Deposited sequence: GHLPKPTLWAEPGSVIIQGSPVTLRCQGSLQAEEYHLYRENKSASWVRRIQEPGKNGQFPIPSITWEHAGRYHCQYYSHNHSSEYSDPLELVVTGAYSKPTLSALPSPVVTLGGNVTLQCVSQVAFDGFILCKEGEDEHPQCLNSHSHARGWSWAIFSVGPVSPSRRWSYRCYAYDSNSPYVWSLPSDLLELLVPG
């Protein structure tokens, strides 16, 4: 039976000391749940019999709150399968990095530009974001699947389209960073209203 849906009411990448709630949507005939996982134990909200999901608010958050998050609505008899693991992130812990436009902040119409993200400390993890219109801050992380077999990944958060929203990826080797393979099969993202 359908795995629940779990997102964060205000957002996912939050600043320490900010209100946040973890809303779980599943089958309306839901009586229990399942949350946070890093070592077995759980935050369960046994909702009566209404038509209002099972939220999980927290006024002040901490760094420990940061990790994976998955719910699991339980029925009078039926037990459902887990859902999508949520990536809650708390910011403002270490030394703020620097983002430098290469070469010039001024950029031509449809040009290329190298944005340098630096810091005073050694780091092998960085984030790039973007600011749109009505909506709020949106960032992207990149990780790799080196173990077993190699290929990178592109972790994106709260998306906000306007016109065309399609993604295509490439592949190459460091021997030649300018000569690349053929684009991938057009992947079209789906969004409700």
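Peer 1: Wait, which stretches of the deposited chain are just not there in the structure?
Peer 2: In sequence order, the gaps with no modelled C-alpha are 1-2, 43.
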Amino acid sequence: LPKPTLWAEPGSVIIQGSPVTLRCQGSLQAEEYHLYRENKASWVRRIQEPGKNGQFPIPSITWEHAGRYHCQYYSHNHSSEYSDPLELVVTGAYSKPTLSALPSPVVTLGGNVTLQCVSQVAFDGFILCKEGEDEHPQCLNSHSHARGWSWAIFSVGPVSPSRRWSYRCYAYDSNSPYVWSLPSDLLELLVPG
From here on, numbers count along this sequence of modelled residues.
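Peer 1: Looking only at CA atoms, which has the higher mean B factor in the entry: 92-100 or 69-77?
Peer 2: 69-77 has the higher mean C-alpha B-factor.
Peer 1: Mean CA B-factor: is it higher for 161-169 or for 51-59?
Peer 2: The deposited B-factors put 51-59 ahead on the C-alpha mean.
Peer 1: Among the modelled residues of its chain, does the C-alpha B-factor of residue 144 lie in the lowest, middle or highest third?
Peer 2: For residue 144, whose C-alpha B-factor we compare with every modelled residue in the chain, the answer is the highest third.
Peer 1: Taking only the Cα B-factors deposited for this chain, tell me whether residue 29 sits in the lowest, middle or highest third.
Peer 2: Within its chain, residue 29 is a middle-third residue by C-alpha B-factor, going by the deposited values.
Peer 1: Pull the Cα B-factor of residue 111 out of the PDB entry and bin it into the chain's lowest, middle or highest third.
Peer 2: Ranked within chain, residue 111 CA B lands in the lowest tercile.
Peer 1: Would the CA B-factor of residue 138 place it in the lowest, middle or highest third of its chain?
Peer 2: Middle third, going by the recorded CA B-factors of the chain.
Peer 1: Going by the entry, which third of its chain does the Cα temperature factor of residue 43 land in?
Peer 2: Highest third.
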